[PDB]
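In the block that follows, a single chain appears as structure tokens, in the form deposited without Doripenem.
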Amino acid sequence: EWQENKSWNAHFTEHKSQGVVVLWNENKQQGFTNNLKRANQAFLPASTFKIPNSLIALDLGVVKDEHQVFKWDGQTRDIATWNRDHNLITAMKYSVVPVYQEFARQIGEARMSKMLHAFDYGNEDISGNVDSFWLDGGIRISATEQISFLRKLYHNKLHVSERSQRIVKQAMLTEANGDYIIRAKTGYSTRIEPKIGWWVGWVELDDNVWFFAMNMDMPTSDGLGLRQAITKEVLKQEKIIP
């Protein structure tokens, strides 16, 4: 069921980094990773939490649809793309934390906790501040656990409406061409050691789906582009994308 392929480590070491890629072949129900241990180590989800957060916000009516505009609060932040109005699509695209912090406040601790348990999401522990627990609270999730959650979302099996799941998968759209579609979400965890980057999602092919979840050491923001680059090198090596 699970196979370890340490040859992928070359893709990390060549960039003087360390991390894990986890792949799941949906048709064959087989998983692949370069590091079985790290594949099952639990990290802060950081902005990958915008997937479950979006689902919950939509299903509870906190977010009406993917067109609703969340006005900039007028507080100048250091990420320029955050200092503007957003909808669900652009808020996902630019990882607009303050928009999702307000979602969490409106969801509230009780419903957030109840929903993460229904999702079987990570350690399901929202201890910490309701508007930041996915950044510096007690919640943790592994790369293999990200896959399990994403597979439920792909199949509309999470305990929210089909509509909520379709909208979030639309908002997860990252890349599409004649060969594949990638739906995914990046993450960047800095408040609790070790600092890491995430990229989780899936690759849709004509006749199969490959789920993926990777995290990697991220001592500075200079390496953030390696999250996608390393994942794609693994995908290319396994002949999943040209």
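In this text, residue numbers run from 1 along the sequence as written.
Below: the form solved in complex with Doripenem, not depicted.
The pocket of the shown chain is open, since Doripenem, superimposed from its pose in the deposited bound form, puts no atom within 2.4 angstroms of any backbone or C-beta atom. Proximity to Doripenem in the deposited bound form, taken as a non-hydrogen atom within 4.5 angstroms, holds for one residue of 208, 68, 177, 41, which is 208.
Within this chain, residue 25 lines the site of Doripenem in the deposited bound form, having a heavy atom no more than 4.5 Å away. Residues 238, 239, 240 are the members of 212-242 with a non-hydrogen atom no more than 4.5 angstroms from Doripenem in the deposited bound form.
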